[PDB]
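Trainee: Once you've had a glance at the structure underneath, I'll fire off some questions.
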Amino acid sequence: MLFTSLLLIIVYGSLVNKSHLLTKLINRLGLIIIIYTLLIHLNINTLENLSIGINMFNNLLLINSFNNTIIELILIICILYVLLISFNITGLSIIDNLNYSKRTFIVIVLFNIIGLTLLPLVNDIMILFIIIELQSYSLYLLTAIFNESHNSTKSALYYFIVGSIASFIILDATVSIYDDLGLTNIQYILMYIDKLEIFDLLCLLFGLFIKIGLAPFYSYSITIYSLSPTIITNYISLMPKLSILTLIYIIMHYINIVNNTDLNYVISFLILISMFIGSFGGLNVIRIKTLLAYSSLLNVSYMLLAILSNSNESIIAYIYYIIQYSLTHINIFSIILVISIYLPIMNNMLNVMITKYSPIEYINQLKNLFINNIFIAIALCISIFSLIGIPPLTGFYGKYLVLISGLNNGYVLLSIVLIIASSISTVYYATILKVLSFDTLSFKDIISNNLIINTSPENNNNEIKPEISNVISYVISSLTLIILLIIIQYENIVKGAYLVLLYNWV
Amino acid sequence: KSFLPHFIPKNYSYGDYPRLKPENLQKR
Amino acid sequence: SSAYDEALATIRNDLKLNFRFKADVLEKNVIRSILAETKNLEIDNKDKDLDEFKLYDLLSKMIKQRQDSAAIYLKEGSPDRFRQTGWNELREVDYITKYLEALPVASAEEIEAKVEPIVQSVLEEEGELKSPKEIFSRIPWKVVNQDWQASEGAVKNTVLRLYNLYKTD
Amino acid sequence: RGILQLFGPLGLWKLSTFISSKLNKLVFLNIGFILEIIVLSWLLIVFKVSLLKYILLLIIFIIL
Amino acid sequence: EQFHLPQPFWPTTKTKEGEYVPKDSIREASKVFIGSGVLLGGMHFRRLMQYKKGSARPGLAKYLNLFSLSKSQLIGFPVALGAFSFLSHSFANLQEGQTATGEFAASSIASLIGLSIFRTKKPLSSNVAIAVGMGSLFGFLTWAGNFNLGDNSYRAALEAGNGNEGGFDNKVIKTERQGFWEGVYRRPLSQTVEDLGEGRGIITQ
Amino acid sequence: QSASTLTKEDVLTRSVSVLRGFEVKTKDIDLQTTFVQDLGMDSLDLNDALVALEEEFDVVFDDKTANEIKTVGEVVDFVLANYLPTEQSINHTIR
Amino acid sequence: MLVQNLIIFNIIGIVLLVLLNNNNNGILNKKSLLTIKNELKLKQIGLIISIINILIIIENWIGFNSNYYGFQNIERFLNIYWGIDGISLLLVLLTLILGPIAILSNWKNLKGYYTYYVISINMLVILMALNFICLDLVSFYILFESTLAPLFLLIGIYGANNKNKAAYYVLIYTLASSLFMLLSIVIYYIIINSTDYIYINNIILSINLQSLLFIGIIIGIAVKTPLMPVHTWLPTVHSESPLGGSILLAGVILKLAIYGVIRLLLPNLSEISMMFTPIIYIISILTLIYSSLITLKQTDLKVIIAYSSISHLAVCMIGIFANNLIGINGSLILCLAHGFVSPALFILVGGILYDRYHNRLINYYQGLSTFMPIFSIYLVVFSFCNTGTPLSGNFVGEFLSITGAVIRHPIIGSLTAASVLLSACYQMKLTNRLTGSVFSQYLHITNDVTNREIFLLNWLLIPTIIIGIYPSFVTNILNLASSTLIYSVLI
Ligand SMILES: CCCCCCCCCCCCCCCCCC(=O)OC[C@H](COP(=O)(O)OCCN)OC(=O)CCCCCCCCCCCCCCCCC
Ligand SMILES: CCCCCCCCCCCCCCCCCC(=O)OC[C@H](COP(=O)(O)OCCN)OC(=O)CCCCCCCCCCCCCCCCC
Ligand SMILES: CCCCCCCCCCCC(=O)OC[C@H](COP(=O)(O)OCC[N+](C)(C)C)OC(=O)CCCCCCCCCCC
Ligand SMILES: CCCCCCCCCCCC(=O)OC[C@H](COP(=O)(O)OCC[N+](C)(C)C)OC(=O)CCCCCCCCCCC
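Chains as they are written, first to last, in the authors' numbering: chain N, 1 to 347, 365 to 523; chain l, 25 to 52; chain 1, 21 to 189; chain L, 579 to 642; chain Y, 12 to 216; chain T, 44 to 138; chain M, 1 to 491.
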């Protein structure tokens, strides 16, 4: 469905005239395509049938219940992202027209979704190299979609070079495995899992660790996420981690067959450093996207602890954590895009320059959100308290399940460190909450006729005009309550995670 | 005659806090 | 007058390292400005030798001027487009302070320990304190070169710091 | 107000300020900087794992 | 009669008396000292070539300055690491095994030896505080069981039958002490006297 | 990267050094030192000094400013407000 | 019929206040009638909600059996089992009683946003009350740390000048320490596959593992009582949080640590609790002695009250760790008595003096009995109650806790008797100064204690005297539940 509909959109977009309205309607067509793709995938793929694992296309691809769950998650999260570009986020032309300016926006997303879904399914070293480049190239194009932006082109240049080096490392690892064994199919390689250099697979993971911003390769990820536009950072900082982490879990599943203790220590060493940089790094920063980049690094480290353990509880921990983190990731960036309407207008010290690509760029731009919009502020507070890990929010159960897998497999040092890192990271998490609400009682009797929303003309002075459009506000409302009220259906959701099998069987 | 009680420091440096001779107000 | 030669040797040596390694431009501007001021010190203080105390006063004068400039810029705004002129003054003070502390002299803490007993005595032996002049009269401004290992300017500013703390009114 | 503040909010703030200042200088867009770190990580593969703690002590030494 | 104190220590594989062949402290420490010196010295010369390759490009210079080490650091680092390798192996041989106390001593002393080289322009007490901090971190590292408990984890114990998969039975009392991860319904009273002692309510009032 | 790194004291220090390479009347130059009276500069001598000061700080005085500047301090103020680093190639910054 | 009714009614109560106040927020520039008189009609509804919450537990109290061993009112809700025994029943009643008292304390002394404050207070009361009726470690931890989110915002919004520092202290001190308790809970769920109270009490773990579990749990508890040297957050929070926040924190939150010892340490880690008892006594004795001496040098009026709570809860920790029924009952009695006297001292200091003069420095106040006689009467009476004078519930709790400590350890447990002298030293020095000498030259004559402040003081004084004179109202409920926590093998 994806491939066939992508070709039609490519031709149609180049035929019709260039306009913002047609691009937005074409974006809605892409939304229907992903929705149709989800319906088709759910019709034929079931958890019970895929438990054993089914080979496809001359065994080049292998789909199981573990892989199928992530693919369904990828399609769903992509649907929520397209809603941002398929509908209004602020209702203001000066702000929203950026999303409708580039026609190939929906085309590049559909290219990347194909790469994202097929990556966990790779069963050959040749197709592994092909798919990882297909996903990587699509991310470079999306980072450079705004080619009139100096920062966007600079970030894409940085993204291309770092990813290309990682691709070379991935290619170098697969070639070294072929030299030792002469086989390209992973299942054939598993026959010689006890006779190949298991550190060559560590070289493969090193290339994958670069693509997810893991330490010591964290620096480029933070720089790219902060410079890129908020609409672009929202995608490139979450989507690559959905597929690569799933593939890392499969590779670590194969590595644990021989159970190389030296391999675990090296990965533990990188996880330990990533928790230090992830926690202390965000303590002294002024940009919100820079803060979220450190937050992204820290949370990936938590998931890697579950991946490194690679046990039955790890499947439950990883599947739950990746789902709830994605929903929190979408909710936070959705709120950030909307709340740009409450920015004061100058009418200066520090000569602060704010561009149309990132209207919200500093943490202190979130000031007085408790007064400007109490419901949106609480929704952000719930999301932030979830990242902290306050129970009974979705974030607590994610860390609760990760700790179970870590301590069950004997990672006492990492479990204690991850909890110290959580407390350290709470400092900058609480700073967001301090900016939102701690000055409410002093600024309650204040006058703000210079906000961006105040420039919006009224219709007839009698219509009750909402400040936010129907779609984006509903998505925030739905995601916020799912995070808040997870205790109601927590037991059944984990039971669903009980049935996700990666060749466990019995 | 009068003398200061015990444990009264001769000197202190609390940043820019003014430094004055310790005086027992009971003896005023 | 050899410590001044040793102290000036480091300043010139650091400039070569800054240029060779392409280090901070501001540090290069700091060092080149000190050598300009030090050039005046050579001309003006000729035939009177060059002790470290006159070098300490030379560096102290530079530090206070930039602090005075920074105190105005940080209040009224910087004139440059990027509003970095005020912060540049503060960053240059750190470089000069780095060379100021490298001089073989006593720190302000030791001088404060050698001046506070004098300040306390004046208050105790007179009842009330109104001006630092009464403290200056008891300062031996002839033997403070190896006993206190301080300069004229170093002692003068320290007494003012303690006088403000100890002023009754 | 003393040792419990050194081993508390005041001491941890000074520790956090020192550590976070170093990490702020490590984040800048530079191809040569990130390239060397990637190549440096290849030494972890080469080195025998019993040297990890020595690397850990070396890393802390550079923070100073 | 020693005092009855709690023992919050994770399980460790023990070697019986006569085992634990000692480690050659000199040879192990010399490999770290020589290896660290060649790499740190070798990279220093290589970075000098990068400076000469171009010195009019601010971007290259900024990253080179961060990785650059002073002469004292180029000397102090191999000595500190070499001293750490020697003391860690030397203290382990004395105790017939590696303990957090020995690693705390090995890390703190070696760090202080190194700190006295490349941190000369600092108070001695300042270097002692960092040495204590550095030593405590590696003592905590050994106490936690390095990066992984290995065969002392619950997963390893569960596979070996030392877990709690079979439930519990009060009618079966084991004279020997249970496993670290094993739970029981009822314990011998003699074991309680061993752990706590007679006194405040055990056996006697 | 592309930001001014000048200070009022450094700009004044280099301004004095440039002006001491000419045949000025007095070597004591400060912010309030006037070109016409204290330095004894005529029409062409003043313009020679202004262009020489332009070369030092890599700045260009506009026509209105150059035709109305009176004191050295005004030159110092102009340099601080208007100086910018010259844009480098793509390789100098990102590499 | 308890947790289901309590959560559903309060959730409906939260929704009701949100719908009414936030209906006209759509840039209407409106005036409305609910906001008249500082949102009186919205404060009144929230006050009624707190009162009804008390009636909910009273209906279940009628069916409570004091002669039945084990948990009663066992209920399944949200995939969680809930139950009540003797110890849980009394602590729930104390938490719900302080609900209306906390709301009434800030009736007309907030700068605005009363609806947000009312909802936050009621949410905290219910969350803390639910923490006494959960029947597993995971549910205990969820409610143990869920209160941080409403409390962090409450302090940061309605706090004093240093509210920002106080909000960071309470959020980080109580979370970084509770995470160490979560590690012990995770270990239980790994090796036993369950965290149920009854299930884990019957399991004997290795003496080394019990030591590790005890340390992880005690770190979360010791920070929350609090105990030295992890106590420095509490004086900052009390001196900056609003009066209603101080009442809940001093009256309920600090009692969760004592209840945590009952549930998480005594019945499941009994063998290691005996071994740790000398260490706990040494820490608590030093906490009691040091805090009393530190209180003598404090100048902030509300900080003095904050340190007084540390010394009293040190006695509670000493009593609850005694392996006899006298010490255990006395610790529970002292917790209930402290739950009334301690908020009253904050009301006198942070609610009466502060609401008039807005300065908490001690140098501004002396001779207050000249123009505030009603204030001085309550101040003196509550000062004697805080010092353990008989006829007050504090004396019954302190005497039995000291007696139980001596029975547990005659030599070092005798040092707990120093609380009789040390508590009177700092408490009376404050009261003697506030009432003695001439009226302060820095104060203007103003109103004495009003009717609203009289109501708060009287209905906090009444439970203290009733418990002090006839503590058998409390002992009868506790006797069967508390007897299960004793570990001894007499042969
Ligand atoms: C009772 C309640 C207790 C609660 C708290 C318990 C923990 C207490 C921790 C105590 C240690 C921190 C407090 C003292 C540190 C004070 C820092 C300081 O004074 O300055 C920073 C110092 C450099 O000193 P300087 O900047 O020049 O300051 C002037 C000093 N005269 O910079 C340094 O030299 C520091 C050494 C370099 C940095 C080392 C970092 C290595 C890792 C440290 C441990 C972090 C562990 C994090 C684990 C999770 C993340 C992995
Ligand atoms: C010999 C080759 C180079 C060494 C290997 C470096 C790469 C691997 C380290 C992983 C982290 C990558 C960080 C980025 C690479 C570091 C590059 C570097 O060396 O820059 C030095 C940097 C700046 O130092 P600065 O003094 O400000 O500048 C010198 C001017 N003369 O100084 C720094 O701040 C860099 C240190 C970053 C902080 C990393 C901390 C990692 C965690 C350590 C503690 C572990 C936490 C757990 C502790 C308990 C464990 C039981
Ligand atoms: C027991 C389960 C309860 C969970 C749900 C509780 C309600 C959530 C808020 C939705 C309604 C809303 O945001 O409405 C806002 C309300 C009403 O305040 P107001 O003064 O009228 O608003 C101002 C508008 N004015 C000025 C025009 C009058 O205030 C609240 O935020 C109170 C409830 C939240 C307290 C705790 C926040 C952090 C929660 C973290 C969870 C871990
Ligand atoms: C095991 C029991 C653990 C108990 C809790 C541990 C200590 C908590 C300290 C509170 C910090 C706070 O409140 O963060 C806020 C403070 C603000 O500092 P401030 O008060 O404004 O003064 C300082 C500011 N100045 C100088 C401008 C006046 O920022 C910090 O310090 C940031 C670092 C906090 C990291 C905490 C991580 C703890 C890791 C887990 C334990 C090893």
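The C-beta atom is built at its ideal place from N, Cα and C for all residues, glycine as well.
How long is the line joining the alpha carbons of residue 434 (chain N) and residue 183 (chain M), rounded to whole angstroms?
Mentor: Residue mapping note: residue 434 (chain N) aligns to position 417 of the first sequence, counting from 1. Residue mapping note: residue 183 (chain M) aligns to position 183 of the seventh sequence, counting from 1. Cα to Cα, the separation comes out at about 11 Å.
Trainee: On the premise that residue 443 (chain N) lies in contact with residue 405 (chain N), defined as a C-beta separation below 8 Å, what is that separation, rounded to the nearest angstrom?
Mentor: The sequence position of residue 405 (chain N) within the first sequence is 388, counting from 1. The sequence position of residue 443 (chain N) within the first sequence is 426, counting from 1. That pair is a contact at about 5 Å.
Trainee: In whole angstroms, what is the alpha-carbon distance linking residue 100 (chain T) and residue 127 (chain T)?
Mentor: Looking up residue 100 (chain T) in the sixth sequence gives position 57. Looking up residue 127 (chain T) in the sixth sequence gives position 84. In a straight line, the C-alpha of residue 100 (chain T) is about 9 Å away from that of residue 127 (chain T).
Trainee: Does the CB of residue 631 (chain L) have a neighbour CB from chain Y at under 8 Å?
Mentor: Working through the fourth sequence from its first residue, we reach residue 631 (chain L) at position 53. Yes, residue 631 (chain L) lies at the interface with chain Y (some Cβ there is under 8 Å from its Cβ).
Trainee: Looking at ligand 2, does it come within less than 7 Å of residue 216 (chain N), judged from the CB to the closest heavy atom?
Mentor: For the purposes of this step, residue 216 (chain N) is identified with residue 216 of the first sequence, where counting begins at 1. Yes, ligand 2 has a heavy atom inside 7 Å of this Cβ.
Trainee: How far does the alpha helix (DSSP H) with residue 77 (chain M) in it reach, from first residue to last?
Mentor: Counting from one through the seventh sequence, the residue named residue 77 (chain M) turns up at place 77. That residue, residue 77 (chain M), is in no alpha helix (DSSP H); its beta strand (DSSP E) goes 72-77.
Trainee: For the beta strand (DSSP E) that contains residue 55 (chain N), what are its first and last residues?
Mentor: One-based indexing of the first sequence puts residue 55 (chain N) at position 55. Here the beta strand (DSSP E) through residue 55 (chain N) covers 54-56.
Trainee: Taking residue 258 (chain M) as part of the alpha helix (DSSP H), name the residues at either end of that continuous run.
Mentor: Reading the seventh sequence from its first residue, position 258 is the one you call residue 258 (chain M). Start and end: 254-264.
Trainee: State the start and end residues of the unbroken alpha helix (DSSP H) segment that holds residue 334 (chain M).
Mentor: Translated into positions along the seventh sequence, residue 334 (chain M) becomes position 334. Per DSSP, residue 334 (chain M) belongs to the alpha helix (DSSP H) from 325-346.
Trainee: Determine the burial state of residue 297 (chain M): buried for a count of at least 16 other Cβ atoms within 10 Å of its Cβ, exposed for fewer.
Mentor: Within the seventh sequence, residue 297 (chain M) is the residue found at index 297, counting from 1. Exposed: under 16 other Cβ atoms inside 10 Å.
Trainee: Interface residues of chain 1 around residue 66 (chain Y) at Cβ under 9 Å?
Mentor: Residue 66 (chain Y) sits at position 55 when you count from the first residue of the fifth sequence. The answer, in chain order, is 39, 40, 41, 42.
Trainee: Assign residue 344 (chain N) to one of three DSSP states: helix, strand, or coil.
Mentor: Here residue 344 (chain N) corresponds to residue number 344 of the first sequence, with the count starting at 1. Note: residue 344 (chain N) maps to strand in three-state DSSP.
Trainee: In the DSSP assignment, what are the bridge partners of residue 77 (chain T)?
Mentor: As a working mapping, residue 77 (chain T) is identified with position 34 in the sixth sequence. 114 (chain T).
Trainee: Hey, how far is the Cα of residue 432 (chain N) from the Cα of residue 451 (chain N)?
Mentor: If you number the first sequence from 1, residue 432 (chain N) lands on position 415. If you number the first sequence from 1, residue 451 (chain N) lands on position 434. Approximately 28 Å, taken between the alpha carbons.
Trainee: In terms of alpha-carbon separation, which member of 159 (chain M), 243 (chain M), 130 (chain M), 78 (chain M) lies closest to residue 100 (chain M)?
Mentor: Locating residue 100 (chain M) in the seventh sequence gives position 100, counting from the first residue. Comparing Cα-Cα distances from residue 100 (chain M) to each of 159 (chain M), 243 (chain M), 130 (chain M), 78 (chain M), the minimum goes to 243 (chain M).
Trainee: Does any residue of chain N have a CB that is nearer than 8 Å to the CB of residue 604 (chain L)?
Mentor: By 1-based counting over the fourth sequence, the position of residue 604 (chain L) is 26. Chain N contact via Cβ: present.
Trainee: Would residue 609 (chain L) count as contacting chain T if we go by Cβ distances under 8 Å?
Mentor: Mapped onto the fourth sequence, residue 609 (chain L) falls at position 31. Chain T, which has a Cβ nearer than 8 Å to the Cβ of residue 609 (chain L), makes this yes.
Trainee: Which residues in the same chain as residue 403 (chain M) place their Cβ atom closer than 6 Å to its Cβ, once the five residues preceding and following it in sequence are excluded?
Mentor: On the seventh sequence, residue 403 (chain M) is found 403 positions in, with the first residue counted as 1. The residues are 326.
Trainee: Please list, in chain order, all residues of the same chain as residue 36 (chain Y) whose beta carbon is under 6 Å from its beta carbon, the five residues on each side excluded.
Mentor: Taking the first residue of the fifth sequence as position 1, residue 36 (chain Y) is located at position 25. The residues are 97, 100, 101.
Trainee: Quick one: is residue 465 (chain N) buried, meaning 16 or more other Cβ sit within 10 Å of its Cβ, or exposed?
Mentor: Here residue 465 (chain N) is taken as the residue at index 448 of the first sequence, counted from 1. So residue 465 (chain N) counts as exposed.
Trainee: For residue 589 (chain L) and chain M, any beta-carbon pair shorter than 8 Å?
Mentor: Translated into positions along the fourth sequence, residue 589 (chain L) becomes position 11. Output row for residue 589 (chain L): interface = no.
Trainee: Under 8 Å between C-beta atoms, does residue 582 (chain L) make it to chain M?
Mentor: Working through the fourth sequence from its first residue, we reach residue 582 (chain L) at position 4. Yes, because at least one Cβ of chain M sits closer than 8 Å to the Cβ of residue 582 (chain L).
Trainee: In chain order, what residues of the same chain have a beta carbon less than 7 Å from the beta carbon of residue 65 (chain Y), not counting five sequence neighbours either side?
Mentor: Here the question's residue 65 (chain Y) lines up with position 54 in the fifth sequence. 71, listed in sequence order.
Trainee: Going by DSSP, which residues form a beta bridge with residue 82 (chain M)?
Mentor: As a working mapping, residue 82 (chain M) is identified with position 82 in the seventh sequence. Looking at the DSSP assignment, residue 82 (chain M) forms a beta bridge with 75 (chain M), 134 (chain M).
Trainee: I need the DSSP call for residue 63 (chain N), collapsed to helix, strand or coil.
Mentor: Residue 63 (chain N) sits at position 63 when you count from the first residue of the first sequence. DSSP places residue 63 (chain N) in strand when its eight states are reduced to three.
Trainee: Between the beta-carbon of residue 71 (chain M) and the beta-carbon of residue 83 (chain M), is there less than 8 Å?
Mentor: Mapped onto the seventh sequence, residue 71 (chain M) falls at position 71. Mapped onto the seventh sequence, residue 83 (chain M) falls at position 83. Yes.
Trainee: Does any residue of chain L bring its CB to less than 8 Å from the CB of residue 91 (chain Y)?
Mentor: By one-based count along the fifth sequence, residue 91 (chain Y) stands at place 80. Yes, residue 91 (chain Y) counts as interfacial toward chain L.
Trainee: With 16 other CB atoms within 10 Å as the buried threshold, where does residue 231 (chain M) fall?
Mentor: Counting from one through the seventh sequence, the residue named residue 231 (chain M) turns up at place 231. When all chains shown are included, residue 231 (chain M) counts as buried.
Trainee: Whole alpha helix (DSSP H) runs in the stretch 170-250 of chain N with 4 or more residues, listed along the chain?
Mentor: Runs found: 186-191, 198-211, 218-227, 230-236.
Trainee: Going along the chain, which unbroken runs of the alpha helix (DSSP H) with 4 or more residues stay wholly within the stretch 97-147 of chain Y?
Mentor: Within the stretch 97-147 of chain Y, the complete alpha helix (DSSP H) runs of at least 4 residues are 111-129.
Trainee: Quick one: what's got a C-beta closer than 8 Å to residue 162 (chain N)'s C-beta in the same chain, skipping five residues either side?
Mentor: Residue numbering aside, residue 162 (chain N) sits at position 162 when the first sequence is read from its first letter. Counting only Cβ-Cβ distances below 8 Å, and skipping sequence neighbours, we find 210, 217, 220.
Trainee: According to DSSP, simplified to helix, strand and coil, what is residue 321 (chain N)?
Mentor: Counting from 1 along the first sequence, the entry for residue 321 (chain N) is found at position 321. DSSP places residue 321 (chain N) in helix when its eight states are reduced to three.
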